[PDB]
Amino acid sequence: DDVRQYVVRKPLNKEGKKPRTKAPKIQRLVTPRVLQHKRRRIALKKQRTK
RNA sequence: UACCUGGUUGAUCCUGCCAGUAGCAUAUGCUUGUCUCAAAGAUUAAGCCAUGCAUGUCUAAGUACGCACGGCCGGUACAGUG
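In the nomenclature of the PDB entry, chain A corresponds to Small ribosomal subunit protein eS6 from the organism Homo sapiens.

Right, here's the structure in full:
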């Protein structure tokens, strides 16, 4: 299950400022970039063996 | 530029040093218009030190929920600057 729909967002409201919400960047989140990095590492291993 | 000169005697020839002579380094005195370089708290005390400064550092690429700013949509995980 994804965790992006449970990140605690803090509401921001300041005197004279438009209100908004803030969420942190989720660490150790498996993302396509992470899998691509893992696959590139595996491909480098393949290339070295060959 | 491989150079000497005065001084021992009544006079002479010597040994011989003293004193002259030129540079170079520090100091000092007097004087000083232009211009280019340029040493400089070593010598005595590696003595003692008020104060300020002399060592900091971020890229697309470690960690950004500081509205501290801030949007080409804001249920956006993380826009961006930081």
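Could you give an account of the protein's contact with RNA strand B, with specific residues and numbers?
Taken together, 22 residues are adjacent to RNA strand B, and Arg-9, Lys-14, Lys-18, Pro-24 and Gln-27 come closest. When the atoms of RNA strand B within 4 Å of the protein are grouped by moiety, sugar and phosphate amount to 56% of the total. In this structure, a phosphate oxygen belonging to RNA strand B sits 2.7 Å away from a side-chain N or O atom of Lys-14. Separating a phosphate oxygen of RNA strand B from a side-chain N or O atom of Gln-27 is a distance of 2.5 Å. For the surface near RNA strand B, the elements supplying multiple residues, two or more each, are β1 (10–12) and β2 (20–22). Considering every element that reaches the surface near RNA strand B, the biggest residue donor is β2, with three residues. When grouped by side-chain class, the residues that make up the surface near RNA strand B number eight nonpolar, five polar and nine charged.

Criteria and thresholds
Residues numbered from 1 in each chain as written, not as in the entry; some residues may be left out. Chains lettered and ligands numbered in written order. Part of a larger assembly, values for the part shown. Heavy atoms only, no water. Near = heavy atom within 4 Å. Polar contact = N/O pair within 3.5 Å; in protein donor to acceptor, adjacent residues only side chain to side chain. Helix = DSSP H or I, 4+ residues; strand = E, 2+ residues; numbered from the N terminus. Nonpolar A, V, L, I, M, F, W, Y, C, P; charged D, E, K, R; others polar.

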